[PDB]
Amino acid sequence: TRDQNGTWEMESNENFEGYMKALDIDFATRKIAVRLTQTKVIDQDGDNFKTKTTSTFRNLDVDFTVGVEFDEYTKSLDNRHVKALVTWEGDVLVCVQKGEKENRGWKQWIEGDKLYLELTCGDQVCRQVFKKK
């Protein structure tokens, strides 16, 4: 399915530390970030996505239209400008963030009752698993 609608609760968060370090996020921020449960809300209407990922610490709001390039300023993470593009590869939602960092992006897909999100930066991969609430 390409339907990723819902309120999603984080089950696990593997190598978030490595991904953030690859993004040059400072030590103290990483130490807080790695321990927090995230909730991801996805409002998907055709090709229009509105997503909010939240924790006790920080919020990440990102909206996009599939197949439409958009500029991003990654204010909630490393503070960089990237050219982002989200597209479908089969049932996998694929984001490439073109800019300074190589192999920067993510892939997101539904398997059964779970949402999987794999974030990449350089040689680092963070794997997050969410279940629907």
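A residue's number is simply how far along the shown sequence it sits, counting from 1.
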query	finding
Stretch with the higher entry mean CA B-factor, where the candidates are 93 to 101 and 51 to 59	51 to 59
Between the two ranges 113 to 121 and 21 to 29, the one averaging a larger CA B factor in the entry	21 to 29
From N79, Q108, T65, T39, residue of greatest CA B-factor	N79
Chain-relative CA temperature factor third for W88	lowest
Third assignment of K131 from its chain's C-alpha B-factors	middle
Chain-wide C-alpha B factor ranking for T1, given as lowest, middle or highest third	highest
